[PDB]
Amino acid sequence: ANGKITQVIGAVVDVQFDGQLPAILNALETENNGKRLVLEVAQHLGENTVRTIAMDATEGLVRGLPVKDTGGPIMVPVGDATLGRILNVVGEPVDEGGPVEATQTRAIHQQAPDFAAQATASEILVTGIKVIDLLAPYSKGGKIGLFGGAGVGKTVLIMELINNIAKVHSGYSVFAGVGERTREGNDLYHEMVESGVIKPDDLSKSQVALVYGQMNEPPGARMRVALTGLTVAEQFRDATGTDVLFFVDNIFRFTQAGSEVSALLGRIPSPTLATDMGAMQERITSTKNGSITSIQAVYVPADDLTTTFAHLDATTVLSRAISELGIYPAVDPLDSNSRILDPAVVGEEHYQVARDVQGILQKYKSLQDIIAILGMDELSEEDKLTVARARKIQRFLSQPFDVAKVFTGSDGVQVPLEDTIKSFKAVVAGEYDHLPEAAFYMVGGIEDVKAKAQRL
């Protein structure tokens, strides 16, 4: 039944078998000085020997050690027990929080959803965040790209997306940390604790499950850790039928790790490098029984300094310029865009209001140098009016977040999709030219603007 180790070449481990030969992608187990070591089957070499990639360090392995074929691929814990925990690639807890007492387990490698039960036509995923839903709406089963440097509220945005999908859709979230700095992995965890998306004292009520395979881990771990995260997300979709988020920081590292593994198995080496997912892409989709939406933190080795589509359905561009005007979240309302920002998907009203808002902000940007150098009196009467609406709209795109409440004190808000469309439509038409600019700053929908206006 069992096999034995014949060779060890770094992460590459060869295992000769007697009985049934393990299929490709099967998890094997072996004891490396007491502690168990998982190995994943890559090739069949002949002479009844398989060629595997290790999921941990191989130092201390001896030739002749017995190896068990598990029968299927790498299995990991799933369900509510993962909420608020940090797991490694093979489903072990790396947060020092004791055992993950889950009832079910699921394989990390899984065939894609077929054409039957795939949801017909593209469909909006309401985040409740005005700027996103209006100007660059996310799609269910879509590939979303978050762009931004440091100090533009990228982590705060991610956590509010986690928050909002839990609040407005009764959904779940999974964050896959892939080949990034453990220092920053620590910071992200404690930032999530601060704002209540992870609740140490009541973990099942946490809004996100973490899966970490950072820089310290070997190629095999960093290659598969994203799939471990996706499998946890898939369980939340299947069990509850809700809309699930799968955060990946980041795809460049996923590809980098996969490239390392390919090179180690003896393959010759030779824009989309940052955003292109593998066969993983097919598992990100919208079905009749819920959806998984990929939110990826877009990264290349551009750690020196702080562009178009590739494999993405929408982009959220965070901007330092927008952040310095006091607009939170710091989303660029012109550089952010969506494939479903199209009347056939979101409706004629949604599209037209978004287009008008963009037109007003674009025109305002064209008159920016004139307003800075000369007065507002320099403009014609027609252009003076559009600037007033643009300045209101800029502030009206800003929004308070539930996640920010611990720092600021102010309550957060999720704005319904229709409230967002109607409120901005009214402002574009000029129904609220009489209200002050400060009323539009840091509020929900148009009824909050009216309430804030009466206070002033």
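Residue positions are given as counts along the sequence shown, with the first one as 1.
- In the deposited entry, the stretch joining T306 to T307 is interrupted by 4 to 9 residues of the deposited sequence lacking coordinates.
- Missing deposited residues between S270 and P271: 4 to 9, all without coordinates in the entry.
- Between the stretches 321-329 and 218-226, it is 321-329 that shows the larger average CA temperature factor.
- Mean CA B-factor, 69-77 versus 250-258: the higher value falls on 69-77.
- In this structure the maximum Cα B-factor among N26, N32, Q399, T52 is found at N32.
- The residue among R85, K288, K130, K154 whose C-alpha atom has the highest B-factor in the PDB entry is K288.
- The deposited CA B-factor of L21 belongs to the highest third of values across its chain.
- When the modelled residues of the chain are ordered by C-alpha B-factor, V413 sits in the middle third.
- Ranked within its chain, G278 lands in the highest third, by CA B factor from the PDB record.
- In this PDB entry, the Cα temperature factor of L39 sits in the bottom third of its chain's modelled residues, the lowest group.
- When all modelled residues of the chain are sorted by CA temperature factor, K143 is found within the lowest third.
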